Structure formats: structure tokens, C-alpha cells
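Take a look at the structure set out below.
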């Protein structure tokens with residue numbers, strides 16, 4: 074089922090649990106970017122909305138604190 078859940082604004086730990094719930098996988102390499110948001114919050118990810126399982130999904134957060 075190609076339909077990745079939206080975790081934007083949530084925590085990484087939560088976004089990781091969602092993927093596993095949909096039968097998705099989590100990548101080990103992560104990217105952090107500076108912004109006016111709270112570090113640890115997922116604001117940028119590889120997949121968008123509906124994504125098909127089989128590729129690499131990287132979770133990126135915005136560090137502002």
C-alpha cells in the first residue's frame with residue numbers, strides 16, 4: 074500500500090514507529106539542518122505523502138535551539 078503517513082511536525086521517534094507500522098523501513102543516516110524550529114522535530118523527509126516501499130527513507134530535522 075503506497076501511502077506514507079505524514080509525520081511532519083512530530084518527533085523522529087514517532088515518525089519511525091509510523092513507518093514500521095506501514096511495513097516501511099528506517100534509514101541509519103540522518104541529515105540535520107539549521108532553522109527557526111526545535112531540534113529533533115521532523116520537518117524534512119525523503120518520502121512525500123504517498124511513497125512506495127523499496128527505497129531508502131531518510132528522516133531530517135530542523136535544529137534551531
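Numbering (the working numbering), first residue to last: 74 to 138. Note that the Cβ used here is the ideal one computed from N, Cα and C, for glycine as well.
What do you get for residue i, buried or exposed, if any count of 16 or more other CB atoms within 10 angstroms of its CB means buried?
| i | result |
| --- | --- |
| residue 125 | exposed |
| residue 43 | With the chain covering only 74 through 138, there is no way to say anything about residue 43. |
| residue 132 | buried |
| residue 118 | buried |
If we call anything under 9 Å between Cβ atoms a contact, is residue i one with residue j?
| i | j | result |
| --- | --- | --- |
| residue 137 | residue 109 | yes |
Distance check for residue j and residue i, CA to CA, integer angstroms please.
| i | j | result |
| --- | --- | --- |
| residue 134 | residue 122 | 17 Å |
| residue 84 | residue 96 | 19 Å |
| residue 80 | residue 91 | 8 Å |
State the beta-bridge partners of residue i as determined by DSSP.
| i | result |
| --- | --- |
| residue 117 | 133 |
| residue 94 | Answer is none; residue 94 lacks a bridge partner. |
| residue 106 | 135 |
| residue 84 | 114 |
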